[PDB]
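Read off the chains here:
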Amino acid sequence: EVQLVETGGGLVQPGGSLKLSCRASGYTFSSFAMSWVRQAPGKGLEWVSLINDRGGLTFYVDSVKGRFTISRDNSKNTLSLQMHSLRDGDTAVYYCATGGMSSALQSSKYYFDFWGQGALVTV
Amino acid sequence: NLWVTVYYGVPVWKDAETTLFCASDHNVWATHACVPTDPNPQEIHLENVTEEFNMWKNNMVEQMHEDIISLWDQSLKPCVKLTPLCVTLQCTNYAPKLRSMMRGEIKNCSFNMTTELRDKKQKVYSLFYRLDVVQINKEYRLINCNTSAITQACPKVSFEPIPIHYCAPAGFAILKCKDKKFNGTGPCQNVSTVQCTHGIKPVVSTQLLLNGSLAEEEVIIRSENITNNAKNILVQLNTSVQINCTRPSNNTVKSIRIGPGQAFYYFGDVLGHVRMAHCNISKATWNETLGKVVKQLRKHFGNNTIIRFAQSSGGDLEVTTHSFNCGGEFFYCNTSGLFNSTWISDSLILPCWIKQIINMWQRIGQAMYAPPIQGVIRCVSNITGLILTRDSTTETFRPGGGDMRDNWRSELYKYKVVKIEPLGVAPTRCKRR
Amino acid sequence: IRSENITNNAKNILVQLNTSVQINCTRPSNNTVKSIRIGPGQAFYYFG
Amino acid sequence: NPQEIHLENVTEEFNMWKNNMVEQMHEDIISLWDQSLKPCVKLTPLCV
Amino acid sequence: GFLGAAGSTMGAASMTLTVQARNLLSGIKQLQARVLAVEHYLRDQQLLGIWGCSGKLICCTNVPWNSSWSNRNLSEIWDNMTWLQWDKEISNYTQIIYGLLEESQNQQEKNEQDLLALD
Amino acid sequence: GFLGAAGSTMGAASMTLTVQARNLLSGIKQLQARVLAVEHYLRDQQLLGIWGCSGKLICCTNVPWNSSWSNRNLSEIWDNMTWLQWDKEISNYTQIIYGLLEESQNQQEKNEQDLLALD
Amino acid sequence: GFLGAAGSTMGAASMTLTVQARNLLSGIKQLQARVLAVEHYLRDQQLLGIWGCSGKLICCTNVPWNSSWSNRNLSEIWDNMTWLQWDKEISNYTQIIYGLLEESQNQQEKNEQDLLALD
Ligand SMILES: *[C@@H]1O[C@H](CO)[C@@H](O[C@@H]2O[C@H](CO)[C@@H](O[C@@H]3O[C@H](CO)[C@@H](O)[C@H](O)[C@@H]3O)[C@H](O)[C@H]2NC(C)=O)[C@H](O)[C@H]1NC(C)=O
Ligand SMILES: *[C@@H]1O[C@H](CO)[C@@H](O[C@@H]2O[C@H](CO)[C@@H](O)[C@H](O)[C@H]2NC(C)=O)[C@H](O)[C@H]1NC(C)=O
Ligand SMILES: *[C@@H]1O[C@H](CO)[C@@H](O[C@@H]2O[C@H](CO)[C@@H](O)[C@H](O)[C@H]2NC(C)=O)[C@H](O)[C@H]1NC(C)=O
Ligand SMILES: *[C@@H]1O[C@H](CO)[C@@H](O[C@@H]2O[C@H](CO)[C@@H](O)[C@H](O)[C@H]2NC(C)=O)[C@H](O)[C@H]1NC(C)=O
Ligand SMILES: *[C@@H]1O[C@H](CO)[C@@H](O)[C@H](O)[C@H]1NC(C)=O
Ligand SMILES: *[C@@H]1O[C@H](CO)[C@@H](O)[C@H](O)[C@H]1NC(C)=O
Ligand SMILES: *[C@@H]1O[C@H](CO)[C@@H](O)[C@H](O)[C@H]1NC(C)=O
Ligand SMILES: *[C@@H]1O[C@H](CO)[C@@H](O)[C@H](O)[C@H]1NC(C)=O
Ligand SMILES: *[C@@H]1O[C@H](CO)[C@@H](O)[C@H](O)[C@H]1NC(C)=O
Ligand SMILES: *[C@@H]1O[C@H](CO)[C@@H](O)[C@H](O)[C@H]1NC(C)=O
Ligand SMILES: *[C@@H]1O[C@H](CO)[C@@H](O)[C@H](O)[C@H]1NC(C)=O
Ligand SMILES: *[C@@H]1O[C@H](CO)[C@@H](O)[C@H](O)[C@H]1NC(C)=O
Ligand SMILES: *[C@@H]1O[C@H](CO)[C@@H](O)[C@H](O)[C@H]1NC(C)=O
Ligand SMILES: *[C@@H]1O[C@H](CO)[C@@H](O)[C@H](O)[C@H]1NC(C)=O
Ligand SMILES: *[C@@H]1O[C@H](CO)[C@@H](O)[C@H](O)[C@H]1NC(C)=O
Ligand SMILES: *[C@@H]1O[C@H](CO)[C@@H](O)[C@H](O)[C@H]1NC(C)=O
Ligand SMILES: *[C@@H]1O[C@H](CO)[C@@H](O)[C@H](O)[C@H]1NC(C)=O
Ligand SMILES: *[C@@H]1O[C@H](CO)[C@@H](O)[C@H](O)[C@H]1NC(C)=O
Ligand SMILES: *[C@@H]1O[C@H](CO)[C@@H](O)[C@H](O)[C@H]1NC(C)=O
Ligand SMILES: *[C@@H]1O[C@H](CO)[C@@H](O)[C@H](O)[C@H]1NC(C)=O
Ligand SMILES: *[C@@H]1O[C@H](CO)[C@@H](O)[C@H](O)[C@H]1NC(C)=O
Ligand SMILES: *[C@@H]1O[C@H](CO)[C@@H](O)[C@H](O)[C@H]1NC(C)=O
Ligand SMILES: *[C@@H]1O[C@H](CO)[C@@H](O)[C@H](O)[C@H]1NC(C)=O
């Protein structure tokens, strides 16, 4: 019913930076909160970040709280994540997902409703 | 799992009755106490809003009527009182040998009155219209000396209607219908919000509605209860018919002093021939206007009925004739030449009478004397609506009228005033702290 | 019995009763009233 | 005892001929004048 | 525009509250009308103050929704209904809700007072 | 003293705000004057409320200074200028600043509402 | 009931503050009376605002009790005294207390401003 596609780079050096971006189609982008979830090549997946539908509020997992910036553009229907100081512990496939929050006047979620296929970021 | 959230500034309202304030962009209905209007009012269209209107329960009409009466009395208050005019008059007919329709209409009356000094009297000769003088040289009295005091209107204050805007006080809003073919009641689909109404001229007339607004597409027939013979029917035309009305006589006005700081103005002489006041209404335009009215009446009374128009059946001259004021003179036009027809499935001249003693607003006990106007009077007005009343196979309609509130309704039918209730509550997922 | 100053002869004493006493007061005459006009919009009423 | 507060380092621009206190003074004096004369004897009968 | 959102759904309409808030305040009869408008404004501000909402246009509280007042889904109330329809539905329970809000704020103020008393 | 700091620099003048705040509120024409004074007071309090400043005399906000409105140094504005000169300089941009303050508060209230929604 | 707690002790009486708060606001002479009632209401709300109490009925402050104003025990004041007796006792010191409250709030607002300045 919907499409969400990750764009991003590959191998970086430790201490550098990389911006990832996802494009959404098939649903109103501005009506849903968006999150980033990552899975290390040999581990399960974990939550990385959450942005509200308007984009004013952002939340991060502690392991990345001081480096990552999450931003969305509701006119372009895109979600961006700017990562800095990519560490070896940060190597993973990063998925964009629709869900994880609602703006007070909508039914609650606390789940990830739609998923993309994932950008693979290595160090 | 939901909690009450309090919202202030909710765009919700309820019907309310409040005091609206005049606004304007020397005149009887003008004052320095009336706030200037905005150079450009802001109208906010309300999409997907269907407000229910009722023009006959509108509290803006009573406010309009009361404020117009108040302005009227305020304008006449600082003027010359005519108490000394209630004297015995010795009168003869003016131009008693004249062949005309106006044979005996103007009487040449003589009276003593008084003057600046209380010990002396100044004999006065003046002309009065027959309708202002009642028999009691023959002895006559002014028609109003048996009913009320007469106050002279100030000659320096114009009676020309000036547009008056009504503006809601803060916390209230006025909803303007703007729908087409709106009969004055029920839901309106094109409702918009304004702070001030359009300018409404305080035009005073009976039987016919002059200088009003027009229907956008069709003649609109409005009645509180179309099946109740005790209610008036207000007809708003989509096109106007021009009425050119005049007092062709070249009247000369004279004045005398009647006390310290007081002067009395009266009708002195007629220059040239004495001519009858009258109105010019094009016959073809009027006939088409009534044809349109008849079609719209048939829509409510049946396609196969016969609609008849007839002259007013009786009552005071104010209701049996078309009363109006133009040029500073008060005309009472017969109109029997307009409302005389039966509808089954050159210009017209209406005789008019002029009166100087006017008893406006149906108030008995406060009379006003209209000073005569120097020269020849010609006025051109637009007839934009009609007032009709009705009495089987044939339905007969008559001019009716006389209740001034209905004239205000002819302009205020599209406005409603509401109170804003900015507080409201709604469930949300938000828990305090 | 209420008074601003009961010992001051210049003050009034107001006495509020616990029970009322009925007073039936009348003007037994059958008076006929007549009226005349004295000016425009004015009339004077008098005992006829 | 009115309290006057001196304003140091303030240079206000004045214009006595554009002062709206003058019109208020004039209108209020006229109003008081008419209010004082209103409840008094009229001399209309003196014009003899 | 003033009341431009009146026909808009509750969700979208809640984004323009400052327009109406600003417009609410902005002869003897006219002076009475102005005094009455001021009194009504102050009654609404006092009522918000009593509930602990004196400085907010969107004020969250601790009063639970009973669901008997209205059992509509949250998405139905905010995405499909207008504020006029909602007010028509809740007017029967408005005084109950206001009473609960006043009691809740009184309890909150006493609880904060006691927390502040702890040294 | 009332307005005693009017000729004083902005920094020192900001220490006496309560004197003017108290003084602002403390025939038919006089009654109209009193009603108008009340309406003006309420308009200023409502405007502070819209910005989320209903209970403060010195209220900090989230609106950045553009520097085009005035590019003076902070020490020049607070230590050398008076409030009258400052108002004369900013009056051309006052409505812009007020609009930004209203928008910022609306965004803040929506953000707080969403943070409160998180359980 | 309005003023029903007037003869009740201060402790129990403090639980009904919203009843009086709501009742305080709820010819030319009558219009003057209404305007005066509004002005008095606003003077009290302004005074609470100056002290930083604009949104509360029970507002805690940072001004210490001198004990010279009244040296009664806390249980004597709240469990044995009524609000009328207390007001009769404190009216001689009310202006002193109000002045201290205003100064304390001015100091608090400056301190919060400086804490907000730290980045
Ligand atoms: C309906 O509207 C028309 C047009 O606004 C009114 O006609 C106008 O009436 C006024 C007053 O009678 C005329 O003003 C007079 O003009 C003469 C010109 O010589 C002047 O000497 C007078 O002192 C006065 O200013 C105005 O000219 C006239 N307009 C036209 C085009 O004739 C009409 O009276 C209105 N109908 C009603 C019932 O009020
Ligand atoms: C009203 O009638 C009187 C006479 O009854 C008019 O006054 C007379 O006018 C003629 C000229 O037409 C004179 O010769 C007489 O001497 C006048 N008599 C008096 C007593 O004045 C008077 O002019 C008439 N009024 C008007 C307006 O024409
Ligand atoms: C009322 O209608 C008559 C015509 O029936 C108008 O009289 C004509 O007026 C024009 C223009 O002045 C003249 O050229 C014609 O010769 C007139 N005809 C006659 C028979 O007199 C009259 O002017 C109209 N009344 C008004 C006030 O306009
Ligand atoms: C006041 O007195 C006059 C007479 O001085 C009364 O009028 C007379 O009444 C008698 C009948 O009782 C008649 O026969 C006389 O002709 C009347 N005279 C006049 C001049 O009218 C008058 O009725 C008395 N008033 C009242 C109220 O009785
Ligand atoms: C005016 O008064 C005198 C008084 O002597 C009288 O003779 C005359 O007939 C009166 N005229 C009129 C018209 O009343
Ligand atoms: C005089 O006044 C009365 C009052 O009812 C009225 O009936 C009568 O018709 C009036 N006279 C004239 C001539 O109009
Ligand atoms: C409402 O009136 C305006 C007038 O300009 C018009 O443009 C609009 O189409 C009308 N709307 C409806 C639904 O009739
Ligand atoms: C007025 O209504 C009639 C009804 O038949 C119509 O023919 C005419 O065109 C309308 N005029 C306008 C200006 O709407
Ligand atoms: C006015 O029009 C409405 C349309 O719904 C109708 O219900 C009502 O009866 C009409 N009233 C009159 C007096 O024509
Ligand atoms: C109109 O008046 C008649 C009088 O008998 C009444 O029966 C009818 O119900 C009225 N119509 C309305 C709509 O009230
Ligand atoms: C009316 O008579 C006066 C007399 O001076 C004259 O000046 C004026 O032009 C006349 N007007 C008409 C319309 O005859
Ligand atoms: C009214 O005056 C105008 C002036 O041009 C004229 O064309 C029109 O025919 C007049 N009305 C009548 C009914 O004659
Ligand atoms: C109007 O003219 C007709 C002509 O028959 C007449 O009967 C009627 O009484 C006149 N109107 C008035 C008010 O006199
Ligand atoms: C009368 O209607 C015509 C229609 O074109 C208009 O031009 C004229 O201004 C109107 N006059 C008045 C007084 O409304
Ligand atoms: C009223 O009664 C009180 C009772 O304490 C008494 O002290 C006072 O003097 C009395 N006054 C009068 C006028 O009786
Ligand atoms: C009453 O008046 C007398 C007058 O001499 C005075 O001595 C007395 O003290 C007054 N009583 C009161 C209670 O004031
Ligand atoms: C007073 O006299 C009148 C005369 O018509 C009479 O009708 C009335 O009943 C009388 N009343 C008494 C109490 O005698
Ligand atoms: C009115 O309803 C339509 C339905 O799609 C909606 O698009 C429009 O925005 C609504 N009007 C307003 C002012 O929201
Ligand atoms: C909801 O309202 C009903 C009727 O007033 C009441 O019986 C019920 O206890 C209420 N429930 C809650 C949770 O307030
Ligand atoms: C006026 O300027 C002088 C300049 O040194 C300054 O000392 C003084 O305090 C200023 N006045 C006020 C009221 O601050
Ligand atoms: C400052 O104002 C100018 C002119 O209005 C505008 O172009 C610019 O974007 C503004 N900058 C900021 C940061 O608001
Ligand atoms: C009055 O005092 C008694 C003393 O025991 C107390 O019980 C009662 O509650 C008090 N009245 C009120 C209204 O508190
Ligand atoms: C208490 O008040 C007295 C008298 O005003 C004063 O001398 C003393 O310093 C005050 N103490 C405190 C702690 O404010």
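- Header annotation of the entry names cryo-EM as the structure determination method and lists the resolution as 3.2 Å.

Some remarks on the overall build of chain C
Phase 1 of the analysis: Counting its secondary structure elements, chain C contains zero helices and four strands.
Phase 2 of the analysis: Along its sequence from the N terminus, chain C presents helices and strands in the succession β-β-β-β.
Phase 3 of the analysis: When each of the 48 residues of chain C is scored for burial, the buried share is 0%.
Phase 4 of the analysis: When the accessible surface of chain C is totalled, it reaches about 5,000 Å², and 49% of it is carbon and sulfur.

Re the overall build of chain B
Phase 1 of the analysis: Along its length, chain B carries four helices and 32 strands.
Phase 2 of the analysis: Taken along its principal axes, the extent of the C-alpha atoms in chain B is 95 × 60 × 35 Å.
Phase 3 of the analysis: For chain B, with 433 residues in total, the buried portion stands at 55%.
Phase 4 of the analysis: When the accessible surface of chain B is split by element, carbon and sulfur atoms take 45% of a total near 19,600 Å².

Section: the sheet that holds strand β3 (residues 21-24) of chain B
Phase 1 of the analysis: The sheet built from three strands is open, its strands ordered β4-β3-β13 (chain B) with mixed pairing. Across the chains shown, the open sheet's two edge strands, defined by having one partner strand only, are β4 (35-36) and β13 (165-167) of chain B.

Some remarks on the interface of chain E and chain B
By convention, interface size is frequently given as the accessible area that disappears when the constituent parts associate.
Phase 1 of the analysis: The partner chain B presents 41 residues to the 54 residues of chain E that form the contact.
Phase 2 of the analysis: Carbon and sulfur atoms supply 67% of the area buried between chain E and chain B, which totals about 4,400 Å² over both sides.
Phase 3 of the analysis: Three residues, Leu3, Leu24 and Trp83 of chain E, lead the burial of chain E against chain B; their summed loss comes to 14% of the area buried on that side.
Phase 4 of the analysis: For the pair chain E and chain B, the number of links is two salt bridges.
Phase 5 of the analysis: With a shortest N-O distance of 2.3 Å, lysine 29 of chain E and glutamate 66 of chain B are connected by a salt bridge.
Phase 6 of the analysis: Joining chain E to chain B, the criterion identifies 19 residue pairs in polar contact.
Phase 7 of the analysis: Elements with a minimum of two residues in the side of chain E that touches chain B: α1 (10-13), α2 (17-25), α3 (28-50), β1 (58-64), α4 (74-80), α5 (83-90) and α6 (94-117) of chain E.
Phase 8 of the analysis: Top element by residues in the side of chain E that touches chain B is α3 of chain E. It accounts for 10 residues.
Phase 9 of the analysis: Residues belonging to the side of chain E that touches chain B are distributed by class as follows: 36 nonpolar, 15 polar and three charged.
Phase 10 of the analysis: Of the strand pairs in this sheet, strand β1 (residues 3-8) of chain B and β1 of chain E are connected by four bridges, and their pairing is antiparallel. Counterpart to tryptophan 3 of chain B in the pairing with β1 of chain E is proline 64 of chain E.

So, the site of ligand 12
All names here are of chain B.
Phase 1 of the analysis: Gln242, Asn244, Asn280, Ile281, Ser282, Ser347 and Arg378 make up every residue found near ligand 12.
Phase 2 of the analysis: Here an oxygen atom of ligand 12 sits 2.3 Å away from a polar atom, N or O, in the side chain of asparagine 244.
Phase 3 of the analysis: Taking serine 347, its side chain carries an N or O atom lying 3.4 Å from an oxygen atom of ligand 12.
Phase 4 of the analysis: Broken down by secondary-structure element, the contributors of at least two residues to the shell around ligand 12 are β19 (233-259) and β21 (277-282).
Phase 5 of the analysis: No other element matches β21, which puts three residues into the shell around ligand 12.

Here's the deal with a nonpolar patch on the surface
Phase 1 of the analysis: Together, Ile1, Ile6, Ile13, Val15, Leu17 and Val21 of chain C line one region of the surface with nonpolar side chains, adding up to about 690 Å² of accessible area.
Phase 2 of the analysis: Inspection of the secondary structure puts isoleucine 13 of chain C in strand β2 (residues 13-14).

Considerations on the sheet that holds strand β6 (residues 69-73) of chain A
Residue and element names in this part refer to chain A.
Phase 1 of the analysis: The sheet built from four strands is open, its strands ordered β1-β2-β7-β6 with antiparallel pairing. Each edge of the sheet is formed by a strand with only one pairing partner; in this case those strands are β1 (3-7) and β6. Between one strand and the next, the sheet's axes are offset by a mean angle of 15°, whatever the strand orientation.

Re the side chain of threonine 389 of chain B
All names here are of chain B.
Phase 1 of the analysis: Turning to its location among the elements, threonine 389 is positioned in strand β29 (residues 375-390).
Phase 2 of the analysis: Residue classification places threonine 389 among the buried positions, given a relative accessible area of 18%.
Phase 3 of the analysis: Setting aside residues no more than four positions away along its own chain, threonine 389 makes contact with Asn229, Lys231, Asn232, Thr396, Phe397, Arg398, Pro399 and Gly400.

Examining the packing of aromatic side chains
Two numbers describe a pair of aromatic rings. These are the distance of the centres and the angle of the planes.
Phase 1 of the analysis: Going through the model one piece at a time under the given rule, you end up with 33 aromatic pairs over all chains.
Phase 2 of the analysis: Aromatic pair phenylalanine 44 of chain C and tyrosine 46 of chain C: ring centres 5.9 Å apart, planes at 25°, arrangement stacked.
Phase 3 of the analysis: Given a relative accessible area of 41%, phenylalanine 44 of chain C falls into the partly exposed group.
Phase 4 of the analysis: Since its relative accessible area comes to 30%, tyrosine 46 of chain C is described here as partly exposed.
Phase 5 of the analysis: Where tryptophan 51 of chain G meets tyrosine 98 of chain G, the ring centres are 4.8 Å apart and the plane angle is 55°; that geometry is what we call tilted. Here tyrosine 98 of chain G lies in helix α6 (residues 94-117) and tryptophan 51 of chain G lies in the loop between α3 (28-50) and α4 (74-80), a separation of 47 residues in the sequence.
Phase 6 of the analysis: The exposure class assigned to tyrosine 98 of chain G is partly exposed, which follows from its relative accessible area of 31%.
Phase 7 of the analysis: Here a set of aromatic residues connected by ring pairs shows up, and it is made of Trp29, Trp72, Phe159, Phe330 and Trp361 of chain B.
Phase 8 of the analysis: Just above the ring of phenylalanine 29 of chain A sits the side chain of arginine 72 of chain A; from NZ or CZ to the centre is 4.0 Å.
Phase 9 of the analysis: The ring of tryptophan 3 of chain B carries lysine 431 of chain B above its face, with NZ or CZ at 5.3 Å from the centroid.

With respect to the interface of chain A and chain B
Phase 1 of the analysis: Taken together, the seven residues of chain A in the interface contact four residues of chain B.
Phase 2 of the analysis: Carbon and sulfur atoms supply 46% of the area buried between chain A and chain B, which totals about 390 Å² over both sides.
Phase 3 of the analysis: Linking chain A to chain B there are zero salt bridges.
Phase 4 of the analysis: If you look at where chain A meets chain B, you find three residue pairs in polar contact.

Focus on the state of the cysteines
Covalent bonding between the sulfur atoms of two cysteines is what defines a disulfide.
Residue and element names in this part refer to chain B.
Phase 1 of the analysis: The tally for this structure, following the rule as stated, stands at 13 disulfides over all chains.
Phase 2 of the analysis: Note that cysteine 245 is cross-linked by a disulfide to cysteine 279, the S-S spacing being 2.0 Å. In this structure the cystine formed by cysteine 245 and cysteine 279 twists about its S-S bond by roughly -80°; its chirality is therefore left-handed. Pair noted here: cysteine 245 is in strand β19 and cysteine 279 is in strand β21, with a separation of 34 residues, a long-range link.

Focus on the arrangement of the chains
Phase 1 of the analysis: Interchain contacts are distributed over 11 pairs of chains, and the most extensive set of them lies between chains B and E.
Phase 2 of the analysis: The closest approach of any C-alpha atom in chain D to one in chain E is 17 Å; the two make no contact.
Phase 3 of the analysis: At their nearest point, the C-alpha atoms of chain C and chain F are still 33 Å apart, with no contact between the two.

Each value, and the rule that gives it
- Residues numbered from 1 in each chain as written, not as in the entry; some residues may be left out.
- Chains lettered and ligands numbered in written order.
- Part of a larger assembly, values for the part shown.
- Heavy atoms only, no water.
- Helix = DSSP H or I, 4+ residues; strand = E, 2+ residues; numbered from the N terminus.
- Buried < 20%, exposed > 50% of the residue type's maximum accessible area, 1.4 Å probe, protein only.
- Areas by Shrake-Rupley, 256 points an atom, 1.4 Å probe, with all protein chains shown as cover.
- Pairing = 2+ DSSP bridges.
- Contact = heavy atoms within 4.5 Å.
- Buried area = accessible area lost by both parts, 1.4 Å probe.
- Salt bridge = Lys/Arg side-chain N within 4 Å of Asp/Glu carboxyl O.
- Polar contact = N/O pair within 3.5 Å; in protein donor to acceptor, adjacent residues only side chain to side chain.
- Nonpolar A, V, L, I, M, F, W, Y, C, P; charged D, E, K, R; others polar.
- Near = heavy atom within 4 Å.
- Patch = residues over 30% accessible without salt bridge, like charges linked within 9 Å, V, L, I, M, F, W, Y side chains within 5 Å.
- Axes fitted to C-alpha atoms, helices over the stretch in contact; angles between N-to-C directions.
- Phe/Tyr/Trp six-rings, centres within 6.5 Å; stacked < 30°, edge-to-face > 60°.
- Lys NZ or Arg CZ within 6 Å of the ring centre and 35° of its normal.
- Disulfide = S-S within 2.5 Å.

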